[PDB]
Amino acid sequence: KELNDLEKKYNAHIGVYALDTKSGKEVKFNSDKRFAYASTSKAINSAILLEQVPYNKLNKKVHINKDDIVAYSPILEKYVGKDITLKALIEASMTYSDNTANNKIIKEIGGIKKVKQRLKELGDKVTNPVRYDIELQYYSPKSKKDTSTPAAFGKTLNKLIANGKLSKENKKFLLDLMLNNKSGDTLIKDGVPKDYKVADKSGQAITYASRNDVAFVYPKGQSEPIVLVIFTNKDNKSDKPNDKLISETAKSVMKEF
């Protein structure tokens, strides 16, 4: 309804899935439509690693070489020939959307093929990781590669983080990164009521103005999060997104709760 209106105001396509984990209440709009998840996949990879490595053991270091470095790695770019702890990899991936950190997290997990296995165990047969960064960012409406539906992606985010194989410490370390992430400030954070806490991970693919934001939103007073997945995109390959679209979509969706 009003989301269709926002699709008209911004000449864009909105994908929404939101789940209040307390009530089990869901808001869906183009929720079974495929979108490039882009960097929002970093939250998923980070959480999967965290299921396998206890907080105390995030101090394990791993070697970084030139072959590991991919574009848009503001943190990892300085670790060629150096060691980095898994904790700092996760921090890089989440806070700076470091692409090299995210690939190394997927490697730690055991590779794309293992992320796929985990996804399927969580009943997610939609989220479709195929490539590492940055190649996963070359979205095409014609390919399913590195795409998901807001519903499949949110359900996974809910089963992985919102409840709940993560220890209290690993769950806190991930969510704090997401809460403290100043790079998602123009998205969901921008549209939610100022007293709501928002723990997000944003994404922007190279093509079709694919701009996304996923978050754990805590309406003031509630501790149970509302999982919010907003995927947007446009008709043209070189289209530039408008973050206000996501900000407005989040505002609208939050009234439903």
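Residue numbers run from 1 along the displayed sequence.
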item: Of 121 to 129 and 93 to 101, the one with larger mean CA B-factor; value: 121 to 129
item: Residue range whose averaged C-alpha B-factor is higher in the record, 163 to 171 or 69 to 77; value: 163 to 171
item: Highest recorded Cα temperature factor - choice among 116, 145, 82, 87; value: 116
item: Residue 220 - Cα temperature factor, lowest/middle/highest third of chain; value: highest
item: B-factor third for the C-alpha atom of residue 19 within its chain; value: middle
item: B-factor third for the C-alpha atom of residue 25 within its chain; value: middle
item: Lowest, middle or highest third - CA B-factor, residue 110; value: middle
item: Within-chain third of residue 54 by Cα B-factor, per the entry; value: middle
